[PDB]
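In the working numbering, the protein residues as written are 584 to 653.
By construction, the Cβ of each residue, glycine as well, lies at the ideal position given by its N, Cα and C atoms.
First comes the structure, then the notes that go with it.
Structure representation (structure tokens):
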């Protein structure tokens, strides 16, 4: 997330919370967009299929540590 989208680990970690707990992406989205472009670029990735279900399945398969880098 840090590399690909232009995020700090700050907001990518908040995304991990979503995955781990089955939590509201709505709160996470604010923290992401507070960065600027990094938030928006993530939101574009699977907007339609909900960013919620996206990250939930994607990181469940991926592994959280790599998502910090990604």
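Could you give the first and the last residue of the continuous alpha helix (DSSP H) run that contains residue i?
i	result
residue 605	Unbroken run through residue 605: none, as it is neither H nor E.
residue 621	620 to 628
Taking DSSP as the reference, what is the three-state secondary structure of residue i?
i	result
residue 592	helix
residue 617	coil
residue 587	helix
residue 631	coil
Run the CB neighbour count on residue i, radius 10 Å, all protein chains shown included, and call it buried at 16 or more, exposed below.
i	result
residue 639	buried
residue 619	exposed
residue 622	buried
Rounded to the nearest angstrom, how far is the Cβ of residue i from that of residue j, given a contact under 8 angstroms?
i	j	result
residue 650	residue 595	6 angstroms
residue 599	residue 642	7 angstroms
Taking 8 angstroms as the cut-off, is the C-beta of residue i nearer than that to any heavy atom in the ligand NAP?
i	result
residue 592	Among the components modelled here there is no ligand, and therefore nothing to report on the ligand NAP.
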